[PDB]
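We've got the same protein chain twice here, in two forms, each standing alone as structure tokens: structure 1 and structure 2.
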Structure 1
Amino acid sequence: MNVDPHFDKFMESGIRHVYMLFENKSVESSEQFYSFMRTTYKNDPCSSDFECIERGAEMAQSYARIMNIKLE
């Protein structure tokens, strides 16, 4: 696709390191998560491959605790 390579790094890292452990995946849980990852990114974008892979991980990780989401 023609995607922001940085958001797509940041988003894919969020999904593979956190979101795929979610025990309860559904339509609106993915959209809340996407809406948070998108707004977070857009207010303070990461600037590089290495910076994105790891801000995506630890922010998805934060999201998990904020809205208190069951993992493993």
Structure 2
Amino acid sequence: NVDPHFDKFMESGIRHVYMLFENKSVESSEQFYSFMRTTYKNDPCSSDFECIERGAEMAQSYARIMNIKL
């Protein structure tokens, strides 16, 4: 009751989607880490409240730069 044909279809389909998305995941991982190190160095938080809070603000800014498609 376990389709050995749909299974190898999905495995191959999942693997190829993984491979196809490599350049995007790498690109956006690089840029996220750069973005967060840049925005920290250009205006470092000091206290816990400001560090957590700035973390949240720059998460939103990174998102807006990712809902804009570049």
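Sequence positions of structure 1, starting at 1, serve as the residue numbers. For the two forms, the rigid core is made up of the largest set of C-alpha atoms that agree within 1.5 Å on superposition. Only residues modelled in both forms are compared.
- With the core held fixed, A57 shows a CA shift below 2 Å between structures 1 and 2.
- In a rigid-core overlay of the protein, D44 has its C-alpha displaced by under 2 Å between structures 1 and 2.
- Core-based superposition between structures 1 and 2 puts the Cα shift at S29 at 1.7 Å.
- The rigid-core fit between structures 1 and 2 yields the following 3+ residue runs with every Cα displaced by 2 Å or more: 2-28, 69-71.
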